[PDB]
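Asker: I am attaching a structure below and will ask some questions about it afterwards.
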Amino acid sequence: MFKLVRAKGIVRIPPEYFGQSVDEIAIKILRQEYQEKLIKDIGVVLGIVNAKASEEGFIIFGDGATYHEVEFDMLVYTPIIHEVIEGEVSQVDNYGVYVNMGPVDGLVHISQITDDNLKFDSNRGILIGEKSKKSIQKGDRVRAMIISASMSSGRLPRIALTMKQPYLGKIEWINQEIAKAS
Amino acid sequence: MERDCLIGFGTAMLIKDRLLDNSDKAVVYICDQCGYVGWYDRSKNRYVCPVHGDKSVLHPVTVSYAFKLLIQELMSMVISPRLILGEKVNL
Amino acid sequence: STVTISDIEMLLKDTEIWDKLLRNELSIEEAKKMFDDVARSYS
Amino acid sequence: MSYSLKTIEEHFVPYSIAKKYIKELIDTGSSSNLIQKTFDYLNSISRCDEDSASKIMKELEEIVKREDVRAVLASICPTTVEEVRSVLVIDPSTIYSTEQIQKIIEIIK
Amino acid sequence: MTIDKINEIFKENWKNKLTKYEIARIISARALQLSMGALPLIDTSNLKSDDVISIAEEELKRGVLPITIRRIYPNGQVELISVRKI
Amino acid sequence: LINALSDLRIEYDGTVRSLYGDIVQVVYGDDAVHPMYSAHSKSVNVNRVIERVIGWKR
Amino acid sequence: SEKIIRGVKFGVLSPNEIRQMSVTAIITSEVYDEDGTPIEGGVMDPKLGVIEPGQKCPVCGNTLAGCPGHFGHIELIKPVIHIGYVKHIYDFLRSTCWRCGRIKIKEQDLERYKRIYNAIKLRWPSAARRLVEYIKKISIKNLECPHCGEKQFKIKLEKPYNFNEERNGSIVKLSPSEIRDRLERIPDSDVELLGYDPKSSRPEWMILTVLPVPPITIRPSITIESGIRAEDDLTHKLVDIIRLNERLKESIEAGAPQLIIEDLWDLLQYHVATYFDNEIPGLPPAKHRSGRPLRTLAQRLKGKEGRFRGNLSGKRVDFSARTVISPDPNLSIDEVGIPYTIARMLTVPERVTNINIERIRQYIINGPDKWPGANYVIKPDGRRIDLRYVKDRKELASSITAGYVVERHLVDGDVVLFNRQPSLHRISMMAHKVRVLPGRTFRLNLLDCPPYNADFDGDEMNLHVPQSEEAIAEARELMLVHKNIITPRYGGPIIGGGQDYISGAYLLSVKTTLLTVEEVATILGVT
Amino acid sequence: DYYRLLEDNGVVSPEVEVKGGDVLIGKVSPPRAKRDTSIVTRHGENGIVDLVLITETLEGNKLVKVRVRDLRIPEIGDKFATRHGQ
Amino acid sequence: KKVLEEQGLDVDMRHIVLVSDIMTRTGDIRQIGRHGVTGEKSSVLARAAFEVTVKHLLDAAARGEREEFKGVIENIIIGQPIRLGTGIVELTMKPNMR
Ligand SMILES: [Mg+2]
Ligand SMILES: [Zn+2]
Ligand SMILES: [Zn+2]
Ligand SMILES: [Zn+2]
């Protein structure tokens with residue numbers, strides 16, 4: 001789920017950037033130091049939209065730079081467990097189906113698309129179900145389910161997807177399911 | 001006695017320059033949970049703490065090398081000196 | 001109790017009274033009364 | 001370069017106004033491809049406008065008192081009563097005003 | 001007489017006066033950040049010496065430095081002194 | 001002596017305190033006058049001031 | 001993120017911690033085989049650390065620069081007493097019951113004692129110490145546990161580490177196993193009331209079951225030109241402990257005379273106690289080859305050449321010089337005369353800005369052998385350049401910009417610290433301005449001698465060159481000579497006239513002295 | 001370049017200027033490969049080779065002695081005394 | 001004062017008064033050495049440096065003491081700036097004012 005958090009911190013203004021507006025330098029330093037950088041308790045950062053810094057900065061021993069208190073708004077995104085999110089198929093192989101989830105790509109394995117027997121990597125690279133008559137390929141719009149996810153900065157797209165739950169799947173699959181349910 | 005002279009004059013940065021920068025300045029990595037000295041692996045690009053693996057975060061601290069030698073010599077005896085860390089700048 | 005234990009306890013009580021007075025949880029008169037009570041009880 | 005990075009707010013953002021914010025970020029920040037790629041991901045799945053997502057998210061405060069579920073109801077628009085329970089992952093049972101939730105969907109979206 | 005008259009005289013004397021430690025700290029900080037690429041706030045075209053410490057001394061003598069000393073008294077009271085044109 | 005006295009400091013109050021907060025003297029010395037700035041242990045030599053002012057005609 | 005040290009927490013090292021931090025286990029007592037490679041599992045296992053410039057550590061992919069030492073552990077089958085904690089084990093033994101492990105005080109008074117101690121432990125540490133001493137004094141002399149009433153027996157300590165009960169037989173000696181088993185029974189509350197931290201210093205941890213093995217980084221091998229490596233005494237002891245550990249283990253599983261077992265248990269314990277500390281009172285010192293007593297862990301820390309007073313309170317420093325001194329009446333009181341040789345060896349690192357670029361370029365054009373010149377150039381990314389190995393110094397001068405660092409010679413007007421020992425007051429070391437002169441001596445003005453108590457009978461003084469901008473600024477602002485004319489001991493000048501000055505002043509100022517225009521011009525020409 | 005002064009028998013020749021670090025006698029020792037155990041001029045002590053002596057000890061081992069001389073001219077900083085304690 | 005003065009040595013009285021104050025602070029007369037003012041200091045490392053013995057560190061480990069780096073000697077030992085002289089001053093700047 002996409003989030004927007006507000007944060008307060010200390011930003012260091014190098015002496016070579018003196019004589020100009022503190023806000024511009026502060027937002028520049030924040031972008032150079034927080035863009036595309038994973039945070040353990042907040043998630044992966046997608047950028048800084050606005051920042052406000054105080055004009056007073058304190059000086060410490062051994063440094064020529066000034067340190068200012070800054071308040072800024074972030075655009076962090078973190079996929080929350082047990083949430084229904086739409087997505088698109090990015091690549092399909094014997095590994096499974098890779099669904100794109102914004103900056104990262106989700107992962108689902110062949111054992112959990114439909115409660116049946118299916119053959120993957122068939123002719124024309126299409127996953128076809130023997131008793132379901134289902135075809136999935138590029139450009140699809142799937143509505144996936146989150147079951148488990150963890151972040152360690154070793155590999156961002158380590159997200160596991162789920163499709164066994166009814167009322168979930170392709171937009172056409174769910175539409176026919178609803179129509180035939182009643 | 002020269003250190004006492006420098007203290008009497010009130011020169012903190014001169015004391016630092018004489019007694020740390022020009023003799024045995026060093027950098028060590030401390031686990032934030034146990035306060036023991038870790039290391040940088042330089043091959044897997046990760047911080048490793050001896051009781052801790054990669055389950056904790058290590059921070060670099062500039063210190064006199066003789067103080068680290070003293071810490072290791074104290075751990076040679078059955079003594080557990082744990083270093084407590086702090087921030088240079090606070091809110 | 002023992003003289004040393006009585007001294008330690010009266011020091012502790014004086015410390016508590018001063019702490020409570022300095023936090024504006026007591027008035028000057030109440031602090032005076034408690035100080036007198038402790039001094040008389042531990043004399 | 002010493003930082004603290006303490007957080008104060010924990011607001012939630014649906015897909016539609018996330019498009020608004022990244023657009024307000026890409027135009028002046030001129031970020032990398034990863035930020036630009038995320039915008040492409042939102043160029044198709046997004047179904048409503050910023051005002052539509054705001055209206056649906058603000059009118060559901062009384063029906064449900066959780067901000068996280070309101071941000072996913074403002075991005076998917078289930079518009080059916082048979083799949084809302086699939087979206088719900090909250091143990092307490094919601095009152096039988098779910099039919100009102102769907103009604104709010106089409107008047108806005 | 002808050003505590004004693006001598007203490008009041010002391011605090012009144014040091015109200016608008018810089019101690020030698022504050023002058024040394026200001027000059028050292030200014031020189032350190034001036035050697036790191038900062039732009040001098042004075043002309044620096046006809047000065048006798050062109051090293052950073054001399055320029056910092058001249059910048060302190062004629063108040064152009066936007067630096068503020070924060071004095072914290074033991075009871076918690078805070079006094080602010082500005083060296084920018086006093 | 002150095003190890004006994006090394007932690008004493010002059011405060012902005014005018015008080016002599018230890019770095020642990022203990023008060024040693026309410027005001028340094030008795031008049032808060034540094035011996036280095038003294039007129040040989042005297043804060044002011046009044047006879048010297050008189051000589052400074054009217055010494056050319058005395 | 002860069003942090004700072006704001007505290008140190010002390011405690012006793014738990015055996016679980018000793019095992020957990022260890023990278024290996026020392027079992028073999030053989031240090032080196034025929035060829036010379038170190039045996040895996042010995043004292044010189046490469047897993048412990050690297051001391052060779054070209055070797056790489058197995059535990060961490062780091063060389064001698066980036067590798068901190070790693071710890072091993074020696075497993076002990078029979079527990080031993082740590083000699084540094086005997087006075088604490090003795091107090092734990094004398095003030096606790098040996099059946100239930102209690103302070104031997106009625107719990108009604110014990111609860112209020114604990115309440116008071118918890119209330120006062122932080123505000124009045126001395127009162128807490130007195131309270132703990134009182135509790136120990138009244139609990140030692142009980143002779144019957146209130147929870148048991150089992151006729152507690154008094155315990156006596158025989159130096160160095162011999163504990164002796166006094167039962168009905170009047171003689172029985174306690175083994176470390178029973179001592180540790182008794183100390184395991186004490187609860188955390190009773191330990192806390194006695195003045196010890198239970199979660200960080202548990203009393204039975206003072207009885208050793210596992211022994212840490214120091215890293216080789218603190219245990220280096222001295223390279224002597226004689227061709228034979230000399231090992232430090234720590235390895236020379238650790239081999240003895242591991243030998244006795246192997247020597248005693250085989251006896252347990254093969255036979256049980258029970259008299260040779262205790263005659264080896266009293267030798268391993270001696271070895272461990274002497275490894276921790278030599279010069280134990282009432283105990284023979286240990287030699288290695290020539291009857292010279294060994295230097296052990298506690299000997300590396302005490303003395304005037306030990307760790308503390310030799311490396312922590314004071315140390316040898318860089319950018320310093322020492323030379324005989326000679327007079328110079330032509331210097332200012334702020335100046336010191338420096339030889340050309342010393343000016344060209346000691347350097348000051350100056351960062352290049354847009355105001356000083358031409359002067360630094362002229363320094364670079366001159367090499368390391370012409371004054372004023374430079375010895376090194378540091379590029380902005382951080383690579384040094386030896387200017388004596390540069391093919392063309394004129395092109396390197398043209399290529400420097402703001403951000404470069406040039407280590408240039410001393411020039412006239414530089415600030416240095418000038419010192420004479422012993423340093424009795426603070427003006428025994430003052431800041432001076434450099435002046436480079438021909439000669440091989442430190443030149444000093446004659447009016448500057450009283451503060452240094454200096455003389456020209458063959459005396460020598462020290463020089464120190466501050467290296468950073470902040471240090472130089474502090475030295476120039478606070479330590480300059482003329483700012484310290486009046487001494488802090490009393491309100492009087494410590495700098496003034498000497499011997500020829502006084503008689504010259506008398507002869508000039510006497511009322512019979514008459515001068516002509518030429519003589520006046522000659523006198524005033526020196527001013 | 002530290003062995004440029006040795007002759008074919010491993011020892012320097014008289015009337016040769018030497019600097020600190022120059023090798024005067026070349027020597028290799030049995031392993032305890034062969035190790036270099038040469039003797040060099042001490043640090044910062046120039047001079048001229050004055051005498052080279054080759055003989056044998058009682059056992060029969062070769063013994064080599066080299067004398068180096070340095071000229072000293074009085075300069076500022078040298079000590080002098082009279083027969084009266086001055 | 002009498003001992004110093006009868007030898008012809010000039011020392012200002014403020015130093016002597018400060019010494020007298022430091023030796024009577026606790027309500028009793030204490031020596032400046034090990035069993036007095038110096039031994040009452042709340043730093044383990046400073047005490048172990050003045051008294052080069054190691055028994056102080058063993059006592060601290062046994063009792064689980066905590067060392068907090070408030071004095072000047074311990075900070076010099078570990079290598080951090082002291083709070084005397086220029087260490088009492090704290091600065092603030094406005095970089096924008098050019
Ligand atoms: Mg002499
Ligand atoms: Zn750890
Ligand atoms: Zn290693
Ligand atoms: Zn009992």
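Residues in the structure tokens are numbered from 1 in each chain, the chains being A, B, ... in the order shown, and ligands are numbered from 1 in the order shown.
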Let me have all residues with an atom within 8 Å of ligand 3, counting only C-alpha atoms and all ligand atoms, laid out as a PyMOL selection string.

Answerer: (chain B and resi 39) or (chain G and resi 47-50+56-63+66-70)

Asker: Could you turn the residues from that selection into a file that holds N, CA and C atoms, as a PDB file, in the first residue's frame?

Answerer:
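Heads up, here's the output in selection.pdb:
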```
ATOM      1  N   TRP B  39      33.523  -6.204  12.728  1.00  0.00           N
ATOM      2  CA  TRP B  39      34.444  -6.000  11.618  1.00  0.00           C
ATOM      3  C   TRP B  39      33.645  -5.827  10.335  1.00  0.00           C
TER       4      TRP B  39
ATOM      5  N   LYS G  47      42.852 -18.587  12.242  1.00  0.00           N
ATOM      6  CA  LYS G  47      41.498 -18.092  12.460  1.00  0.00           C
ATOM      7  C   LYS G  47      41.444 -17.010  13.531  1.00  0.00           C
ATOM      8  N   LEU G  48      42.454 -16.931  14.398  1.00  0.00           N
ATOM      9  CA  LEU G  48      42.422 -15.959  15.484  1.00  0.00           C
ATOM     10  C   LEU G  48      42.703 -14.546  14.984  1.00  0.00           C
ATOM     11  N   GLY G  49      43.643 -14.391  14.061  1.00  0.00           N
ATOM     12  CA  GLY G  49      43.956 -13.073  13.544  1.00  0.00           C
ATOM     13  C   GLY G  49      45.188 -13.110  12.672  1.00  0.00           C
ATOM     14  N   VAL G  50      45.407 -11.993  11.981  1.00  0.00           N
ATOM     15  CA  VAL G  50      46.503 -11.839  11.031  1.00  0.00           C
ATOM     16  C   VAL G  50      47.463 -10.780  11.550  1.00  0.00           C
ATOM     17  N   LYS G  56      45.908 -12.837   4.513  1.00  0.00           N
ATOM     18  CA  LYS G  56      44.507 -12.453   4.603  1.00  0.00           C
ATOM     19  C   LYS G  56      43.794 -13.354   5.603  1.00  0.00           C
ATOM     20  N   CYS G  57      42.913 -12.760   6.403  1.00  0.00           N
ATOM     21  CA  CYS G  57      42.248 -13.503   7.463  1.00  0.00           C
ATOM     22  C   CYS G  57      41.158 -14.406   6.889  1.00  0.00           C
ATOM     23  N   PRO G  58      41.019 -15.632   7.401  1.00  0.00           N
ATOM     24  CA  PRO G  58      39.908 -16.480   6.943  1.00  0.00           C
ATOM     25  C   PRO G  58      38.556 -16.035   7.472  1.00  0.00           C
ATOM     26  N   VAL G  59      38.483 -15.624   8.741  1.00  0.00           N
ATOM     27  CA  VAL G  59      37.200 -15.260   9.338  1.00  0.00           C
ATOM     28  C   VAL G  59      36.611 -14.035   8.651  1.00  0.00           C
ATOM     29  N   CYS G  60      37.433 -13.020   8.405  1.00  0.00           N
ATOM     30  CA  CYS G  60      37.011 -11.822   7.696  1.00  0.00           C
ATOM     31  C   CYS G  60      37.978 -11.556   6.555  1.00  0.00           C
ATOM     32  N   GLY G  61      37.442 -11.159   5.406  1.00  0.00           N
ATOM     33  CA  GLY G  61      38.283 -10.891   4.257  1.00  0.00           C
ATOM     34  C   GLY G  61      39.047  -9.591   4.389  1.00  0.00           C
ATOM     35  N   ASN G  62      39.929  -9.513   5.384  1.00  0.00           N
ATOM     36  CA  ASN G  62      40.648  -8.286   5.689  1.00  0.00           C
ATOM     37  C   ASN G  62      42.109  -8.600   5.969  1.00  0.00           C
ATOM     38  N   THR G  63      42.964  -7.622   5.689  1.00  0.00           N
ATOM     39  CA  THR G  63      44.391  -7.730   5.946  1.00  0.00           C
ATOM     40  C   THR G  63      44.694  -7.199   7.347  1.00  0.00           C
ATOM     41  N   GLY G  66      42.621  -3.961   8.429  1.00  0.00           N
ATOM     42  CA  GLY G  66      41.200  -4.045   8.692  1.00  0.00           C
ATOM     43  C   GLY G  66      40.730  -5.236   9.499  1.00  0.00           C
ATOM     44  N   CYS G  67      41.638  -6.058  10.023  1.00  0.00           N
ATOM     45  CA  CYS G  67      41.238  -7.250  10.754  1.00  0.00           C
ATOM     46  C   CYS G  67      41.396  -7.031  12.248  1.00  0.00           C
ATOM     47  N   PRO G  68      40.315  -6.959  13.015  1.00  0.00           N
ATOM     48  CA  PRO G  68      40.431  -7.084  14.466  1.00  0.00           C
ATOM     49  C   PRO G  68      40.599  -8.544  14.857  1.00  0.00           C
ATOM     50  N   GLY G  69      41.302  -8.754  15.963  1.00  0.00           N
ATOM     51  CA  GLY G  69      41.562 -10.104  16.410  1.00  0.00           C
ATOM     52  C   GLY G  69      40.291 -10.846  16.773  1.00  0.00           C
ATOM     53  N   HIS G  70      40.374 -12.171  16.710  1.00  0.00           N
ATOM     54  CA  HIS G  70      39.245 -13.042  16.995  1.00  0.00           C
ATOM     55  C   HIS G  70      39.591 -13.958  18.160  1.00  0.00           C
TER      56      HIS G  70
END
```

Asker: What's the 8 Å shell around residue H:52, counting only C-alpha atoms, without same-chain residues fewer than 4 positions away, as an mmCIF file with N, CA, C and O atoms, in the first residue's frame?

Answerer:
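Dumped everything to around-v2.cif:
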```
data_model
loop_
_atom_site.group_PDB
_atom_site.id
_atom_site.type_symbol
_atom_site.label_atom_id
_atom_site.label_comp_id
_atom_site.auth_asym_id
_atom_site.auth_seq_id
_atom_site.Cartn_x
_atom_site.Cartn_y
_atom_site.Cartn_z
ATOM 1 N N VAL H 12 83.818 -2.825 1.957
ATOM 2 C CA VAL H 12 84.123 -1.530 1.357
ATOM 3 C C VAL H 12 85.625 -1.278 1.380
ATOM 4 O O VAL H 12 86.374 -1.973 2.075
ATOM 5 N N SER H 13 86.070 -0.278 0.624
ATOM 6 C CA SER H 13 87.471 0.075 0.492
ATOM 7 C C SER H 13 87.757 1.405 1.189
ATOM 8 O O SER H 13 86.865 2.249 1.316
ATOM 9 N N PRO H 14 88.984 1.617 1.667
ATOM 10 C CA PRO H 14 89.299 2.876 2.354
ATOM 11 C C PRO H 14 89.190 4.081 1.430
ATOM 12 O O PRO H 14 89.311 3.970 0.208
ATOM 13 N N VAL H 64 86.521 -8.993 10.527
ATOM 14 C CA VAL H 64 86.674 -7.788 9.720
ATOM 15 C C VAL H 64 86.303 -6.585 10.576
ATOM 16 O O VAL H 64 85.255 -6.583 11.229
ATOM 17 N N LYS H 65 87.164 -5.570 10.575
ATOM 18 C CA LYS H 65 86.929 -4.326 11.295
ATOM 19 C C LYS H 65 87.026 -3.158 10.326
ATOM 20 O O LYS H 65 87.986 -3.067 9.555
ATOM 21 N N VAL H 66 86.039 -2.268 10.370
ATOM 22 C CA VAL H 66 85.989 -1.093 9.509
ATOM 23 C C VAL H 66 85.861 0.141 10.391
ATOM 24 O O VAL H 66 85.007 0.186 11.282
ATOM 25 N N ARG H 67 86.708 1.136 10.143
ATOM 26 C CA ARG H 67 86.686 2.396 10.873
ATOM 27 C C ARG H 67 86.221 3.512 9.949
ATOM 28 O O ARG H 67 86.707 3.632 8.821
#
```

Asker: Report as a ChimeraX atom specification which protein, DNA and RNA residues come within 10 Å of ligand 4, using only C-alpha atoms and all ligand atoms.

Answerer: /G:96-105,144-152

Asker: Keeping N, CA and C atoms, export the residues of the selection given above as a short mmCIF file (atom, residue, chain, number, x, y, z; two decimals), in the first residue's frame.

Answerer:
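Okay, this is what ended up in result.cif:
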```
data_model
loop_
_atom_site.label_atom_id
_atom_site.label_comp_id
_atom_site.auth_asym_id
_atom_site.auth_seq_id
_atom_site.Cartn_x
_atom_site.Cartn_y
_atom_site.Cartn_z
N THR G 96 26.18 -16.54 53.33
CA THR G 96 25.10 -17.26 52.68
C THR G 96 25.03 -18.68 53.23
N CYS G 97 23.81 -19.20 53.34
CA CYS G 97 23.62 -20.58 53.77
C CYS G 97 24.00 -21.54 52.65
N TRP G 98 24.53 -22.70 53.03
CA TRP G 98 25.02 -23.68 52.07
C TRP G 98 23.99 -24.76 51.75
N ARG G 99 22.73 -24.56 52.13
CA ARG G 99 21.66 -25.49 51.78
C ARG G 99 20.61 -24.86 50.89
N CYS G 100 20.12 -23.66 51.24
CA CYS G 100 19.11 -22.97 50.45
C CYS G 100 19.63 -21.75 49.73
N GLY G 101 20.80 -21.24 50.10
CA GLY G 101 21.36 -20.06 49.46
C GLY G 101 20.63 -18.78 49.82
N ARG G 102 20.67 -18.40 51.09
CA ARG G 102 20.05 -17.16 51.56
C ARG G 102 21.04 -16.41 52.44
N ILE G 103 20.78 -15.11 52.61
CA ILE G 103 21.72 -14.18 53.23
C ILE G 103 21.88 -14.49 54.72
N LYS G 104 21.06 -15.42 55.23
CA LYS G 104 21.07 -15.81 56.65
C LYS G 104 20.59 -14.65 57.53
N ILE G 105 19.50 -14.01 57.10
CA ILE G 105 18.87 -12.92 57.83
C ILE G 105 17.36 -13.13 57.76
N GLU G 144 23.63 -19.86 62.25
CA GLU G 144 22.46 -20.70 61.98
C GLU G 144 21.59 -19.98 60.97
N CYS G 145 21.26 -20.65 59.88
CA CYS G 145 20.37 -20.05 58.88
C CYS G 145 18.96 -19.94 59.45
N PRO G 146 18.35 -18.76 59.44
CA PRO G 146 16.97 -18.65 59.93
C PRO G 146 15.99 -19.49 59.14
N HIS G 147 16.23 -19.69 57.85
CA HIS G 147 15.38 -20.56 57.05
C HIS G 147 15.65 -22.04 57.30
N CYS G 148 16.83 -22.39 57.81
CA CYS G 148 17.19 -23.78 58.08
C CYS G 148 17.47 -24.05 59.55
N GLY G 149 18.34 -23.27 60.18
CA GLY G 149 18.84 -23.61 61.50
C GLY G 149 19.70 -24.85 61.46
N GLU G 150 20.63 -24.90 60.50
CA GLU G 150 21.41 -26.10 60.21
C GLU G 150 22.86 -25.98 60.66
N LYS G 151 23.14 -25.10 61.63
CA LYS G 151 24.46 -24.98 62.25
C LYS G 151 25.54 -24.67 61.20
N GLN G 152 25.42 -23.48 60.63
CA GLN G 152 26.38 -23.02 59.62
C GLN G 152 27.80 -23.06 60.17
#
```

Asker: Step one, run DSSP on the backbone; step two, keep only residues of chain B assigned to alpha helix (DSSP H); then write them as a list in words.

Answerer: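 Of chain B, the ones in alpha helix (DSSP H) are residues 2, 3, 4, 5, 6, 7, 8, 9, 12, 13, 14, 15, 16, 65, 66, 67, 68, 69, 70, 71, 72, 73, 74, 75 and 76 of chain B.
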
Asker: Pick the closest to ligand 2 from G:20, G:265, G:11, G:427: which is it, counting only C-alpha atoms and all ligand atoms?

Answerer: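 Among the listed residues, the smallest separation from ligand 2 belongs to G:20.
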
Asker: Select, as JSON, numbers by chain, those residues of chain H with any atom no more than 9 Å from chain G (distances computed using only C-alpha atoms).

Answerer: {"H": [29, 31, 32, 35, 36, 37, 75, 76, 77, 78, 79]}

Asker: Keeping only N, CA, C and O atoms, take the residues you just selected and write them out as a tab-separated table (two decimals), in the first residue's frame.

Answerer:
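Here's the written file again_7.tsv:
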```tsv
chain	number	residue	atom	x	y	z
H	29	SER	N	73.60	-15.42	6.10
H	29	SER	CA	73.62	-16.36	7.21
H	29	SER	C	72.90	-17.66	6.84
H	29	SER	O	72.03	-17.67	5.96
H	31	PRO	N	70.17	-20.62	7.06
H	31	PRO	CA	68.76	-20.55	7.48
H	31	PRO	C	68.56	-21.10	8.88
H	31	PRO	O	69.23	-22.05	9.30
H	32	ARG	N	67.62	-20.50	9.60
H	32	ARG	CA	67.31	-20.92	10.97
H	32	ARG	C	65.80	-20.94	11.20
H	32	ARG	O	65.35	-20.97	12.35
H	35	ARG	N	69.66	-15.87	4.84
H	35	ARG	CA	69.16	-14.56	5.25
H	35	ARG	C	70.29	-13.54	5.21
H	35	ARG	O	71.46	-13.87	5.40
H	36	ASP	N	69.91	-12.28	4.97
H	36	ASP	CA	70.87	-11.19	4.85
H	36	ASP	C	71.13	-10.59	6.22
H	36	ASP	O	70.19	-10.11	6.88
H	37	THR	N	72.38	-10.60	6.65
H	37	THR	CA	72.80	-10.06	7.94
H	37	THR	C	73.95	-9.09	7.76
H	37	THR	O	74.95	-9.11	8.48
H	75	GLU	N	80.78	24.95	15.74
H	75	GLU	CA	79.58	25.60	15.24
H	75	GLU	C	78.76	26.11	16.42
H	75	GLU	O	79.06	25.81	17.58
H	76	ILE	N	77.73	26.89	16.11
H	76	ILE	CA	76.82	27.38	17.14
H	76	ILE	C	76.14	26.19	17.80
H	76	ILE	O	75.46	25.40	17.13
H	77	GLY	N	76.30	26.07	19.11
H	77	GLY	CA	75.74	24.96	19.86
H	77	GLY	C	76.76	24.02	20.46
H	77	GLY	O	76.37	23.06	21.13
H	78	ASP	N	78.05	24.26	20.26
H	78	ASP	CA	79.10	23.41	20.79
H	78	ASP	C	79.56	23.92	22.15
H	78	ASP	O	79.51	25.11	22.44
H	79	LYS	N	80.03	22.99	22.99
H	79	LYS	CA	80.36	23.28	24.38
H	79	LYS	C	81.86	23.38	24.59
H	79	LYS	O	82.63	22.58	24.05
```

Asker: Near residue G:25, counting only C-alpha atoms, which residues have an atom at most 10 Å away, once you skip same-chain residues fewer than 5 positions from it, shown as a ChimeraX atom specification?

Answerer: /G:19,40-43,45,71-75,212-213

Asker: Pull N, CA and C atoms from the residues just selected and write them as an mmCIF file, in the first residue's frame.

Answerer:
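Saved the output as again_25.cif:
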```
data_model
loop_
_atom_site.group_PDB
_atom_site.id
_atom_site.type_symbol
_atom_site.label_atom_id
_atom_site.label_comp_id
_atom_site.auth_asym_id
_atom_site.auth_seq_id
_atom_site.Cartn_x
_atom_site.Cartn_y
_atom_site.Cartn_z
ATOM 1 N N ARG G 19 31.617 -18.796 24.851
ATOM 2 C CA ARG G 19 31.471 -19.761 23.766
ATOM 3 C C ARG G 19 30.868 -19.116 22.525
ATOM 4 N N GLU G 40 45.874 -26.240 12.783
ATOM 5 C CA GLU G 40 44.502 -25.826 13.037
ATOM 6 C C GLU G 40 44.039 -26.378 14.378
ATOM 7 N N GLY G 41 43.599 -25.486 15.262
ATOM 8 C CA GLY G 41 43.221 -25.859 16.609
ATOM 9 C C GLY G 41 44.258 -25.564 17.670
ATOM 10 N N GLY G 42 45.398 -24.982 17.299
ATOM 11 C CA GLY G 42 46.413 -24.590 18.251
ATOM 12 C C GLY G 42 46.314 -23.119 18.632
ATOM 13 N N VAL G 43 47.291 -22.683 19.430
ATOM 14 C CA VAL G 43 47.310 -21.300 19.899
ATOM 15 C C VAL G 43 47.532 -20.330 18.746
ATOM 16 N N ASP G 45 46.475 -20.588 15.604
ATOM 17 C CA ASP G 45 45.534 -20.819 14.517
ATOM 18 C C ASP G 45 45.330 -19.526 13.732
ATOM 19 N N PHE G 71 38.575 -14.297 18.947
ATOM 20 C CA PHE G 71 38.758 -14.989 20.215
ATOM 21 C C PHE G 71 38.484 -16.480 20.073
ATOM 22 N N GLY G 72 39.295 -17.287 20.763
ATOM 23 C CA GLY G 72 39.036 -18.698 20.928
ATOM 24 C C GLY G 72 38.771 -19.009 22.394
ATOM 25 N N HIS G 73 38.381 -20.254 22.654
ATOM 26 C CA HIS G 73 38.076 -20.681 24.012
ATOM 27 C C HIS G 73 38.713 -22.031 24.302
ATOM 28 N N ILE G 74 39.201 -22.187 25.529
ATOM 29 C CA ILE G 74 39.751 -23.444 26.022
ATOM 30 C C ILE G 74 38.725 -24.052 26.968
ATOM 31 N N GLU G 75 38.331 -25.293 26.699
ATOM 32 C CA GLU G 75 37.351 -25.966 27.540
ATOM 33 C C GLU G 75 38.040 -26.590 28.745
ATOM 34 N N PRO G 212 38.837 -17.879 27.788
ATOM 35 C CA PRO G 212 39.045 -17.245 26.481
ATOM 36 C C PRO G 212 40.503 -17.296 26.054
ATOM 37 N N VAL G 213 40.707 -17.358 24.745
ATOM 38 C CA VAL G 213 42.034 -17.399 24.135
ATOM 39 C C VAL G 213 42.281 -16.054 23.460
#
```

Asker: What is the atom CA of residue A:70-atom CA of residue A:27 distance in Å, reported with one decimal?

Answerer: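 It comes out at 9.2 Å.
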
Asker: Residues of chain E were defined as contacting chain I if any atom lay at most 9 Å from it, counting only C-alpha atoms; please report them as number ranges by chain.

Answerer: E: 20-26, 29, 39-41, 64-71

Asker: Select the residues contacting ligand 2 at a distance of at most 6 Å, based on only C-alpha atoms and all ligand atoms, then format the selection as a PyMOL selection string.

Answerer: chain B and resi 31+33-34+49+51-52
